[PDB]
Structure formats: structure tokens, C-alpha cells
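Below is one structure, written out as C-alpha cells; the observations come after it.
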There are 2 protein chains.
Amino acid sequence: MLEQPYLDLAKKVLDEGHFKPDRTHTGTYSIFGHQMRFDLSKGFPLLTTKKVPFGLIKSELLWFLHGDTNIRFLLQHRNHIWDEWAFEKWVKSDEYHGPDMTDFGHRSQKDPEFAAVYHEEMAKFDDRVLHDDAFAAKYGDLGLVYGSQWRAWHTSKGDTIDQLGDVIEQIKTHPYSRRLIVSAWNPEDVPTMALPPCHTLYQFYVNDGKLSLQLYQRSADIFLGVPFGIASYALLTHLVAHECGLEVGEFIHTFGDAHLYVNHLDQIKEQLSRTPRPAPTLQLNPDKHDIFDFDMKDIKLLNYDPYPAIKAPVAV
Amino acid sequence: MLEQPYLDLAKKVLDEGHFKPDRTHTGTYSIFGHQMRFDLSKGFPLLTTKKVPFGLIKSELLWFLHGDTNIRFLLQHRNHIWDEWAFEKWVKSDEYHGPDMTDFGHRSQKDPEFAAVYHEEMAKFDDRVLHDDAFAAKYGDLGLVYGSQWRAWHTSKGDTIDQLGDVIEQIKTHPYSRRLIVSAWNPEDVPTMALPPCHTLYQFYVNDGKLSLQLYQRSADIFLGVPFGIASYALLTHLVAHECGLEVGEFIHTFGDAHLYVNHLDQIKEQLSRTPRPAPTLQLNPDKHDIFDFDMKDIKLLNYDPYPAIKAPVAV
Ligand SMILES: O=c1ccn([C@H]2C[C@H](O)[C@@H](COP(=O)(O)O)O2)c(=O)[nH]1
Ligand SMILES: O=c1ccn([C@H]2C[C@H](O)[C@@H](COP(=O)(O)O)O2)c(=O)[nH]1
């Protein structure tokens, strides 16, 4: 079944997984060096053993494709994944004249009252980002995020490079190249970044009229992270392919530190007791071609019949 | 046997290998996405099924470790791997007042007279690089090569970053980090580089007091390239480990485009008819610790009993 590699990877971290400490002082079962492949011709690798929000995955990838880094786009799309990061910048700022917020996330877990307070301050921050144009420009712009790494790499000459744009043209004029690489890792920025790119780098490959993509993920949260990651990059492999008039090949997910937080063990076992149903089908608008111009309505997901969602706490 | 993964990878490219064109207009049998691991506690993965020059591998890695990019060091060490690149720069220069040299490499294959001519001009170039200090500074400095990528990454602020130095300190003060990454890929330089880094990026990992390393090689020549690559990075895993007082773990080689040139098929088959002997043993000088200060004499290779070398033409 299409999503087997994932379950396999999951089962493995449990079995061969060696305990290992980490930043968000929780424990993890980790493995180092893994690689799994998904033959995109057999279907879309969005998990059926647990409900994954394709809407979220879809709007995030577009945000990246637009070379956008401001949270406003996502919010307009009911997407709040990157919310914490902008909120945090806001709170550490001179203007934040509100309640105690330092460590809002980790605190909310065992909230002394926090729950509503945090959740409301956040509602406020967002609401302003959506309307106060100047506020959005200030606290709503994350800066160095995938959108800017992929499409506006800052060069030593104060210029900007559209890695993705260039690779796409390359694919068209030189499909057999081995230099079709887009990179999110900048040695200059990581020493002072909030969260250095987990999706460190990806390579494209063309053969027999099919497009393939390999991702190198330096670090991954098997439970919460991987499900989206596989969905996100498989989508990209289709999008880029659609634009180049190529057939879709394989999506390959390679790992550095693949781990499962100690507070996710029961949940994952639950999942491992499920039987994958047939994988869904992706449908891209035939009329449109420049993916940089793709809109949500141009991406349909057909036949996604999943098992109920699984709730598990974010380890912090 | 330790080197099995390599033979396995080799056998595979023959069997599942899909023909694919390439730059040096020759043909290739290619696969996309492969990963193999070598448990460095079982021995050193320097091939016994064919003689690999450990001396060359050793002096090259030191050259990188010194953050050096001038060919003089290598020549002083009888190492000529990077010779062509500096020679080419020399020939395309105003000063090169010699015979016809444009395409020296590919031509030498079916030399109309070239052999000696090229080989002598080269001897001249080198000889000068070794003695004429100003010549070395001019035509002997390659510039952007591993030594500068690893230890003097040029930032947008005209400064320089010692990625390797920083990662080593990191390993010591934060061994459980998932950000121990050194990168040779610069989106800014690749568009105008002679040869963008095949050894694209590598990640370190520490667990149970052992050090592991994973390399991401965007493109590889299974026959001529991989044998050195495995040797080079396994050596680094030992060196860094020796410096951090860690035990050696696994070396993991991940691949983008792994290929075998069509003009290497017979030779590789020859190799595949050999039986691996026990792997050699690496011995590092116990007295020395700062690997940036390691000298050739500080690296011993014990019990290397290989099969005679295999000669095969460099495809161009
Ligand atoms: O697809 C993804 C992207 C990010 N993360 C995770 C990786 C780490 O678990 C955490 C960040 O902590 P560090 O890896 O930076 O140390 O976020 C994932 O799990 N999956
Ligand atoms: O360990 C190594 C380093 C380099 N090369 C190869 C990779 C390619 O075969 C060739 C460069 O051509 P491009 O990959 O840049 O297209 O040099 C190897 O085989 N092995």
C-alpha cells in the first residue's frame, strides 16, 4: 500500500529507536539515516491511517511558491501553522503592552489561566495582521522562511536569486542535469535563526519523461511532521511536473535525525493498528500551467477516505 | 563484509540502471536515490576488491581541513587530482603562450600528438606553481573548493565562516544537536562554477557516545568516484571523532544521481567477480588531537590487502 514506508519507518523508530535527549526537553526515540520512496504514479501519499489536513498543506505550499513570507496570506486562508513565530516576535517587541506571555507555548500545556489569555492575545495579533497593513509589514513578516529561501536567496551582492524559478527552467532546457537542486540552508543565517530549515534541501531528477524529487530532512518528528512533509513535497513534484509537461515519478524522503517524541508512543501504536485504504488521487487544473500562478481552486484531491484524526500534544 | 553495500550498489546500477545521457557526452546507467551504510567499528571501508590510493585520499582531506584551496599543497604531496582545473584556468589566460590546448583532456584520449605535449605543459604549470610563489597565488588558487566552502564561507557581509570549526565545537558542547551540518552548496556560486560540489552536504550525529556522519552526494560516478568518497568521509568521521573523544559510529552515503559510465561496464564486472578480504584498520596518532593540525604521518592504515588495481578511462 502506498503509505507503507511511513508505517515501516514508524514501527522501526519504536524497535531500533535509541533514546536521545533534545531541545524541547522531552525524550525522543531516534534513528539516523533513513530513506523511503513513494511511486507517485500509484496515487497521492496523503495518509489514510489518520486524517491529514490537505487544505493546510495546500495553502502553505502556495505561500512558499509565491516567494511570500508574510503570515497574512496564510491567515486569509484560515491557515495558522506559522502563527507562533510571528506572535513571538510581536511579544518580544516594545509595542507588546499585554499580559505575561514569555513561554506562552510551553506554559499553555499546564495553563494556570493561560489558555484563553494566550488564545485571545493571539486572536488579536492575527486580526491586526489581517487588517492593519503596517502591522502586517512589521510583525507579520517572518523574513527568512522557505518562500524567501527558495525564491529570493540573498546574495553577498545585495541581489536576490529565484532558485526554484531557475531550477524549473533548467528542467525544461536540461532535464538530464544533476544540478537541479534548491537549497534552504544558509551557513550565514542558521547561527541566528529561530528554526533552521528541517527540509534542508531537495533534488530533482528527470528520466524516461518522468519527474522525481528527493528531499533531505535533517530532522523530523515522525508523528506530527512527516505526514505533512510527504504530502507537501509530493504535491510539489506534481506541480513542477505539470508545469514541465512531464509525468510524475517517485518522491524520495531521506532523513537525518528521524525521531518520535516519548509523548507520542501510544498514539502512534493506535495508528499502527489500522489498515491503509487505497490512496487518494490528485487533480490539477488542466488549463493552468505556471504553478507560480496556481490558486487553491486549481488543486483537487479525489477519493480521500481516512481513519479519524489522532490528537497528540506538541512537545515543548 | 564491510564493502558489500558498494558492490550491491554497483550490481544494482547494472540491473535496474536506466540509460541516461549526460554532460561529458558518453552514456550512463543511472539510478536516483540510494543510501548505504558502513559500520565504522568493523573496520575502514577502503575497498579491497580493487586498490585505492589511500595516500591521495589522505592528503586531499588534509588540504580541505586546512581550509586551503591552492594546488601547491597537493603537489608538494605528489597529489595531482585537482591539476586539470588550475591548468585550464592557466590556459584560458593571457599569459599562456604555448601550443593548442583547448580541450586538452578529451583530446588526449585520441591524441593526435597531444599525449606528451599536454603532459609536458602540465609538468611546466605544476613546476612553476611549486616554485614561482606569485604564479601559485595566481593560477594555483582554485578559489571556491571544499576547503573554502567548509572553512571560509563568504557571507553577504564580506566576512568568512568556519562551518567545520563551528560544527566541531558544537559537537563538543551540544552532541545531541540536529543542526550539525556543513554545506558545500551556495546558490550564489553554482550558476558560474566549473564543478558544483558533488559532495553537496553532510550531517553529523552523536548517540551512545559514538559519532556518525551522513553525506548527501547529488551526483556520483560509481566506479571512479564512490571508492574515494567512502574513504574520504569515513576518514573525516574518524578524525572529528578522535578530536571530540567520541567512538566512531556509522558512515552513511546517500545519493542523488548514482551512475556508471557506459565505458566502465566491463571493468566493474571484473570487480564484481572478486571476493572482499577483511577490511583494513585506521590508526590515528594518540598524542595529537586538533585535527586541523594533523599531518600525513599521523594517519596509519593497517592491514590493507587489496586485489590489483583496475584501469578504466575517464569519460569526457
Ligand atoms: O516536516 C517536518 C518539519 C519540521 N519538523 C520538526 C523537526 C524537529 O523535530 C523540530 C525542530 O527542532 P530541531 O530539529 O531544530 O532541533 O521540528 C518535523 O517534524 N517535520
Ligand atoms: O565522489 C565523487 C565526486 C565527483 N564525482 C563526479 C560526479 C559526476 O559523475 C561528475 C560531475 O558531473 P556533474 O555531476 O556535475 O553533472 O563528477 C564522483 O563520481 N564521485
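Residues in the C-alpha cells are numbered from 1 in each chain, the chains being A, B, ... in the order shown, and ligands are numbered from 1 in the order shown.
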Could you list, as a PyMOL selection string, every residue of chain A that has an atom within 8 Å of an atom of chain B, counting only C-alpha atoms?
chain A and resi 20-23+32-35+153-158+161+163+176-179+182-183+185-188+196+203+205+207+214+218-219+252+256-257
Would you give me, as a PyMOL selection string, the residues in region 73-125 of chain A that DSSP reads as helix (DSSP H, G or I)?
chain A and resi 73-76+83-91+104-109+114-125
With N, CA and C atoms kept, could you save the residues just selected as a tab-separated table (two decimals), in the first residue's frame?
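This went into result_26.tsv:
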chain	number	residue	atom	x	y	z
A	73	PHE	N	-1.11	36.02	4.19
A	73	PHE	CA	-1.67	35.12	3.18
A	73	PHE	C	-2.27	33.89	3.83
A	74	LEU	N	-1.51	33.28	4.73
A	74	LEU	CA	-1.96	32.07	5.40
A	74	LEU	C	-3.25	32.30	6.19
A	75	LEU	N	-3.28	33.38	6.96
A	75	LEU	CA	-4.45	33.71	7.77
A	75	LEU	C	-5.68	33.92	6.89
A	76	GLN	N	-5.49	34.59	5.76
A	76	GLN	CA	-6.59	34.81	4.83
A	76	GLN	C	-7.12	33.44	4.42
A	83	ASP	N	1.79	30.71	12.91
A	83	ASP	CA	1.33	31.73	13.84
A	83	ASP	C	2.26	32.07	15.01
A	84	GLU	N	2.67	31.04	15.75
A	84	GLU	CA	3.55	31.19	16.91
A	84	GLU	C	4.76	32.07	16.66
A	85	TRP	N	5.44	31.82	15.55
A	85	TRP	CA	6.65	32.55	15.21
A	85	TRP	C	6.51	34.06	15.10
A	86	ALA	N	5.46	34.53	14.44
A	86	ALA	CA	5.23	35.97	14.30
A	86	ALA	C	4.76	36.57	15.64
A	87	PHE	N	3.92	35.81	16.34
A	87	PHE	CA	3.37	36.20	17.63
A	87	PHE	C	4.51	36.44	18.61
A	88	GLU	N	5.48	35.53	18.61
A	88	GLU	CA	6.65	35.59	19.48
A	88	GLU	C	7.47	36.85	19.22
A	89	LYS	N	7.63	37.19	17.95
A	89	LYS	CA	8.37	38.38	17.56
A	89	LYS	C	7.64	39.60	18.11
A	90	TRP	N	6.31	39.56	17.99
A	90	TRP	CA	5.42	40.61	18.46
A	90	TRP	C	5.57	40.82	19.96
A	91	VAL	N	5.51	39.73	20.71
A	91	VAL	CA	5.62	39.78	22.16
A	91	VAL	C	6.97	40.27	22.68
A	104	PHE	N	4.71	31.36	26.30
A	104	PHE	CA	3.29	31.09	26.07
A	104	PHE	C	2.97	29.66	25.66
A	105	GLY	N	3.74	29.14	24.71
A	105	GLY	CA	3.51	27.79	24.22
A	105	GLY	C	3.63	26.71	25.27
A	106	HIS	N	4.84	26.53	25.78
A	106	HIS	CA	5.09	25.51	26.79
A	106	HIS	C	4.18	25.68	28.00
A	107	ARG	N	3.89	26.92	28.37
A	107	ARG	CA	3.03	27.20	29.52
A	107	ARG	C	1.59	26.74	29.28
A	108	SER	N	1.04	27.06	28.11
A	108	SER	CA	-0.33	26.70	27.78
A	108	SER	C	-0.62	25.23	28.08
A	109	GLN	N	0.42	24.39	28.01
A	109	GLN	CA	0.27	22.96	28.29
A	109	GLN	C	-0.37	22.77	29.66
A	114	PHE	N	-3.63	30.77	31.40
A	114	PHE	CA	-3.16	30.99	30.04
A	114	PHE	C	-4.07	30.70	28.87
A	115	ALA	N	-4.57	29.47	28.78
A	115	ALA	CA	-5.45	29.05	27.68
A	115	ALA	C	-6.12	30.20	26.94
A	116	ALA	N	-7.15	30.77	27.54
A	116	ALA	CA	-7.89	31.87	26.93
A	116	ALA	C	-7.01	33.09	26.68
A	117	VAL	N	-6.27	33.52	27.70
A	117	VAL	CA	-5.40	34.69	27.58
A	117	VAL	C	-4.53	34.60	26.32
A	118	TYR	N	-3.74	33.54	26.23
A	118	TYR	CA	-2.88	33.33	25.08
A	118	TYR	C	-3.70	33.30	23.81
A	119	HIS	N	-4.70	32.42	23.79
A	119	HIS	CA	-5.55	32.25	22.63
A	119	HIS	C	-6.28	33.52	22.18
A	120	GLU	N	-6.44	34.47	23.09
A	120	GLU	CA	-7.10	35.72	22.74
A	120	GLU	C	-6.09	36.73	22.26
A	121	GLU	N	-4.95	36.83	22.94
A	121	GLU	CA	-3.90	37.75	22.51
A	121	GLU	C	-3.54	37.39	21.07
A	122	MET	N	-3.44	36.09	20.82
A	122	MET	CA	-3.12	35.55	19.51
A	122	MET	C	-4.17	35.97	18.50
A	123	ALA	N	-5.43	35.87	18.88
A	123	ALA	CA	-6.53	36.26	18.01
A	123	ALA	C	-6.36	37.73	17.65
A	124	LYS	N	-5.93	38.53	18.63
A	124	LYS	CA	-5.70	39.96	18.44
A	124	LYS	C	-4.57	40.20	17.45
A	125	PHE	N	-3.43	39.57	17.71
A	125	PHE	CA	-2.27	39.70	16.84
A	125	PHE	C	-2.66	39.39	15.40
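Coordinates place CA of residue 17 (chain B) at a distance of 23.0 Å from CA of residue 172 (chain A).
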Per-residue DSSP, region 123-193 of chain B, filtered to strand (DSSP E), as a VMD selection string
chain B and resid 153 to 154 160 to 161 181 to 183
Residues just named, written with N, CA, C and O atoms as a CSV table (one decimal), in the first residue's frame:
chain,number,residue,atom,x,y,z
B,153,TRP,N,33.2,30.2,4.4
B,153,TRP,CA,32.0,30.5,3.6
B,153,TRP,C,31.9,32.1,3.5
B,153,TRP,O,32.0,32.7,4.5
B,154,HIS,N,31.9,32.6,2.3
B,154,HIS,CA,31.8,34.0,2.1
B,154,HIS,C,30.4,34.5,2.4
B,154,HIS,O,29.4,34.2,1.6
B,160,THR,N,33.8,35.8,6.8
B,160,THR,CA,34.1,34.4,6.5
B,160,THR,C,33.7,33.5,7.6
B,160,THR,O,33.9,33.9,8.8
B,161,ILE,N,33.0,32.4,7.3
B,161,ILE,CA,32.5,31.5,8.4
B,161,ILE,C,33.2,30.1,8.3
B,161,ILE,O,33.2,29.5,7.2
B,181,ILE,N,25.4,20.5,10.7
B,181,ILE,CA,25.5,20.4,9.2
B,181,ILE,C,26.5,21.4,8.6
B,181,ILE,O,26.6,22.5,9.0
B,182,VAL,N,27.3,20.9,7.7
B,182,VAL,CA,28.3,21.6,7.0
B,182,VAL,C,27.9,21.6,5.5
B,182,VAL,O,27.5,20.5,5.1
B,183,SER,N,27.8,22.7,4.9
B,183,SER,CA,27.3,22.7,3.5
B,183,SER,C,28.2,23.3,2.4
B,183,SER,O,28.7,24.4,2.6
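The shortest atom-to-atom distance to residue 299 (chain B), with only C-alpha atoms taken into account, belongs to B:55 out of B:55, B:209, B:225, B:140.
Of the listed residues (B:291, B:226, B:315, B:2), B:226 comes nearest to ligand 2; the distances count only C-alpha atoms and all ligand atoms.
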Using only C-alpha atoms, which protein or nucleic acid residues come within 6 Å of region 232-241 of chain B? Drop anything in the same chain fewer than 4 positions from it, and give the result as an MDAnalysis selection string.
chainID B and resid 57 228 245:246 251
Restricting the output to C-alpha atoms, write the selected residues as a PDB file, in the first residue's frame.
ATOM      1  CA  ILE B  57      42.712  10.379  -0.207  1.00  0.00           C
ATOM      2  CA  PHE B 228      37.370   7.608  -2.834  1.00  0.00           C
ATOM      3  CA  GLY B 245      36.780  11.995  22.315  1.00  0.00           C
ATOM      4  CA  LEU B 246      33.938  10.022  20.794  1.00  0.00           C
ATOM      5  CA  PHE B 251      29.175   6.460   7.853  1.00  0.00           C
TER       6      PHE B 251
END
Could you pull the residues within 10 Å of residue 273 (chain A), counting only C-alpha atoms, minus those fewer than 4 positions along the same chain, as a PyMOL selection string?
chain A and resi 49+268-269
If you count only C-alpha atoms, the residue of B:66, B:110, B:12, B:210 closest to residue 40 (chain B) turns out to be B:210
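Computed from the coordinates, the CA of residue 96 (chain B) to CA of residue 78 (chain B) distance equals 23.9 Å.
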What does the structure give for the distance between atom 16 (O, counted along the ligand's line) of ligand 1 and CA of residue 147 (chain A), in Å to one decimal?
20.7 Å
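Of the listed residues B:9, B:171, B:1, B:314, the one whose atoms come nearest to residue 222 (chain B) is B:9, with distances taken using only C-alpha atoms.
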